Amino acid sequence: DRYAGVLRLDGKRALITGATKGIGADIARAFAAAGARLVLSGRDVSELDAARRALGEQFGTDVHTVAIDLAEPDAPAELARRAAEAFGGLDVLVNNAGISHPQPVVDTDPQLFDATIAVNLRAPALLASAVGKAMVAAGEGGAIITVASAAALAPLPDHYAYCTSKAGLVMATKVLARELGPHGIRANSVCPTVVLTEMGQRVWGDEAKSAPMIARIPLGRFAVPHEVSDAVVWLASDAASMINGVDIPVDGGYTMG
């Protein structure tokens, strides 16, 4: 997965959330490789510093970091603004967030439900509406890519809150697609199955726990992170100039059922 010709994003101004762990870090690394200028947000200052250092020396990338928790008061509006300001505008948002508190539906805990809605649905939704407003005012079109899940698309045991949150965000994405489309802004989601990030391996590593999952994936395996990143780079590029309002599963045929 190297990015050249139409998959270059030289000079494109991209905010990427949860940029220092798992999927986010890999989309950040892809975008750096592809020539992007990056605003990277996250909860850990030193991870953000490592990230600036690494992507700078490895790709010469123009990187500005924002250490913020998107659950802090007014964080979506604050992060949107700071990000637009970093380079005089945003051309891309990668809306990346994810917690998961798995539980039988009969045992759903209200606190864990709410936490999951807060982090997976509320903050990404309001970051996107704010970013989108600034995209509309600036008049240079743009792209918004939601990192959702196959769980947005097909229900999963012990994933009541998770599934619920991701399915809502996905619909949130389509409203953006619908209203911001006429301004040349394109909003689409990527919907991965399990991704073998460090955390992914730790949680889905057991053969017999993951076996039922795998047997529902025709290609017979889980995703690796660069596969998600590929799809995001494509959606950001001019190779997706007509693509709007679409959910791309990265799931080896899982969601066909």
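Each residue number is its position in the shown sequence, starting from 1.
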(request) Averaging only over Cα atoms, indicate whether 70-78 or 129-137 has the higher B-factor in the PDB entry. (result) 70-78
(message) On mean Cα temperature factor in this entry, is 34-42 or 196-204 the higher one?
(response) 196-204
(request) Could you say which of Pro124, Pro155, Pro110, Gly142 has its CA atom at the highest B factor, as listed in the PDB entry? (result) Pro110
(message) Ranking the modelled residues of this chain by C-alpha B-factor as given in the entry, is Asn188 in the lowest, middle or highest third?
(response) lowest
(request) Check where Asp247 lands among this chain's C-alpha B-factors and tell me if it's the lowest, middle or highest third. (result) lowest
(request) Could you tell me which third, lowest, middle or highest, the C-alpha B-factor of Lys12 occupies within its chain? (result) middle
(request) Sort the modelled residues of this chain by their C-alpha B factor and say whether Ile27 lands in the lowest, middle or highest third. (result) lowest
(request) Would you mind checking where the Cα B-factor of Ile99 ranks among the modelled residues of its chain, as the lowest, middle or highest third? (result) middle
